[PDB]
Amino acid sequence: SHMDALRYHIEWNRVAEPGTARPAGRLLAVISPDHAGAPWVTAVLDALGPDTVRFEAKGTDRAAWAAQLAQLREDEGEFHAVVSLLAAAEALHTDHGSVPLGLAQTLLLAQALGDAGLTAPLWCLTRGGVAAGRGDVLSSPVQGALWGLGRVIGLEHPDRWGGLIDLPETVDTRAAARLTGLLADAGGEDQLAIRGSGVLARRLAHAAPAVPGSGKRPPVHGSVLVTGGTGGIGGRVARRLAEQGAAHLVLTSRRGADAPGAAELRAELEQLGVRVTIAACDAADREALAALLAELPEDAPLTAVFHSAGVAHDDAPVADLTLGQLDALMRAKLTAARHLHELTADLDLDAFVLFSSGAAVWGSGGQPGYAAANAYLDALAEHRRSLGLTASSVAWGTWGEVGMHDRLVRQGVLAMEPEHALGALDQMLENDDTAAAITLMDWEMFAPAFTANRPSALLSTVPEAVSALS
């Protein structure tokens, strides 16, 4: 339908076995020195071999790394590639409590490589940051955030970007040869997962047309929490839920009952019959969330979460983004969603819906922070599935009418009518799909623009993008 035509999903398809020769020139491996002990880090360093130059990226100091890298580059001449193992640093940064250290260090590595004039393509490796292949388990949502950042590095610095590669749990010599072969020549691919069966690469496809009933979505009832529920998209979601008979809607935001439009929204929802609670509740404050959940009465237990809290403002190009700007974009996404997961994992929820963005699914220049933050959401929904919990992630394109533009519409990410976007969301929930993008695209505008500087294997599975590029 029209609503079906907004839904896309990510799939992973088999690509060519790589060649057998390792790279001719010298690799530079980047290690986070406090987080260099995971088995897959050892296995990758052993696969790169002992002639690989090693750089320990200590702390988060862009100017000190630029000077260290410039010396390496002077002494070695041109590297074949830079292979980052920084993703193994999952612990939170000591000064930026919503930023995984390896995410901070990956940003600063991309920055310092540019500053020093190292031009060799940067490859960011992860372990468990994607769910690729039937049955695969996304074990690290934190490393999954890195993929959101990496895709935006590829759009802002295409000439010095290699790609992303997720490693299996056991990096055997077949996996190792796949890795070193890809580093020699990746066949134009740049979003790759090495698995036992072969190498897979990431693809965007139209989602299957809706099948009513197929997901056995239970009737909306009980208490439903909508973070960011006082307005834009969260408010429209709340209205849909009230139309569909919710008993009690708990709407939160930092401003709560003081939010713009909040009183009008409460009155409109109440006219439908729904009990409304509005709370001023920072979604990343764990104690406030717990207090809100403790207030729910016996007769209206929590049945669903819709996580719409978030900001996109105060992002910046990769070359300029600060760790304090990245912490502020992460906080309502990573920190808040981690708390929502931890405090509801035992409640047997009917839905746990995380609102992501096209910035995280395909990438948007100028939005590295927002891409990382929303890629963490997508990765958490797949991780939660592996635990047997419900979860979904919905990556929006551009909304019309309400919510958070001119650049994006000009690049062919067109504004959706709210009712069509909401009806596409309902199709995803009735199917019980784990992940989708819901976006109106003009592919004839989007594909040539998005690929002007480097090809995108991601879009090869969208026939409208192939036709635009013909």
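From 1 onward, residues are counted along the sequence shown.
At least a third of the other compared entries skip residue 403 while keeping the residues on either side. Going from residue 404 to residue 405, the model skips 4 to 9 deposited residues, which lack coordinates. Taking the mean C-alpha B-factor of each stretch as recorded, 262-270 and 77-85 are not equal, and the higher mean is that of 262-270.
Stretch comparison (309-317 versus 148-156) by mean CA B-factor in the PDB entry places 309-317 on top. Ranking 187, 324, 141, 368 by Cα temperature factor from the entry places 187 first. Across the residues 334, 193, 208, 176, the deposited record lists the maximum Cα B factor for 208. Among all modelled residues in this chain, the alpha-carbon of residue 24 has a temperature factor (C-alpha) in the highest third. For residue 436, the recorded CA B-factor ranks within the lowest third of the chain. Only modelled residues enter the ranking. Among the modelled residues of its chain, residue 163 has a C-alpha B-factor that falls in the lowest third, as given in the PDB entry. Placement of the Cα temperature factor of residue 116 within the chain: lowest third of the modelled residues, per the deposited record. Annotation for residue 363: CA B-factor lies in the lowest third of the chain's modelled residues.
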